[PDB]
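Take a look at this single chain, the form deposited in one PDB entry, given in structure tokens.
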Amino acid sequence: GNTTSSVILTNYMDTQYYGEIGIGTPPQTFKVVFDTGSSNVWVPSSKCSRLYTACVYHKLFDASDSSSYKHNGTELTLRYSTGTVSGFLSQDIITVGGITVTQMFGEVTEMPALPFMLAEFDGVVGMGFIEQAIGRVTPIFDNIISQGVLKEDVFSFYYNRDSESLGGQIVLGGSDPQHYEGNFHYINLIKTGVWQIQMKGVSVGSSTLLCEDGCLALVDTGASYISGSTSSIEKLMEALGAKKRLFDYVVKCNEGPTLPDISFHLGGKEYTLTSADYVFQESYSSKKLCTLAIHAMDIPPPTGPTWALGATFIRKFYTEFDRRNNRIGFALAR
């Protein structure tokens, strides 16, 4: 063991957190989202048509400019809530800061304009389990464990607020004590295969409203917002007094700071987010509407129904993902 490597992340306005990786010899670089909610790796491809204008506006992998390439070409499709991305598998040598692994990844040749014209990232790196991976394709953190290079079989996340500075920082093989305070509070996974833990309550003010008897909480580094079931979120947004719109929830900007705290009850402690954490205070005007960084999503079986504690949450709490001990550690971020 003994190794620990830390990649550095750009924060596009608290909604996209991406960092650099290389593919090939010589390396071709890609801005990518590291995603505990998924297990596959992909980037856009040469063989993407120019019909897909998402591919025009992103960096493309070219197989023919890597001496380490290893054609497979098996079809791959990846479902996200905003439609799918399709491509073919291939293999090449991938660099993640200081670590280099031979990895099987997807070359996307169908990349929709919704959502990806708004995407500052090119690709995604799945940090979930092979159980979740499409194809039973060995995920990248499995292969990094296989190497016996890491100090401990863990990785961890730091998301900062967008101040205008350090955007964020993933750390493979451990955690950065400079970006959290106190010690970790650890919570064992329900089961292997999903970065998903049991939640024992969701509370507004002192009044514990929902998940009273218990429910699951997926810990999702690829998610921008906290999310819950539609029936959970409507009961939450009713309590907060937020209006719905086509796709998000809003409040009058002047009301934001007076909104109640939201507490999530995890491994015995409560994990509190104040209106400062969960609102986008662009102004404090009565004349404007400010978005809450929370929304509805009914994640299907088997993974859901479940809450997803995305970036809105991780910003406040540094998150270690323990693959050795099949648990998650939380700690007040700084």
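Note that residue numbering follows the sequence shown and begins at 1. Here, rigid core means the biggest group of C-alpha atoms that superpose within 1.5 Å across both forms.
This next part talks about the form deposited in another entry, which is not shown.
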Which of 41, 308, 266, 54 is displaced between the shown form and the other one by 2 angstroms or more at its C-alpha, rigid core aligned: 54
Residue shift check between the shown form and the other one, rigid core fit, residue 81 Cα at least 2 Å: yes
Using the core for the fit, does the CA position of residue 151 change by 2 Å or more between the shown form and the other one? no
At a 2 Å cut-off on C-alpha positions, does residue 243 qualify as shifted between the shown form and the other one after fitting the rigid core? yes
Did residue 14 and residue 273 drift closer or farther in that other deposited form, going by a CA distance change of 3 angstroms or more? farther
Did residue 13 and residue 38 drift closer or farther in that other deposited form, going by a CA distance change of 3 angstroms or more? closer
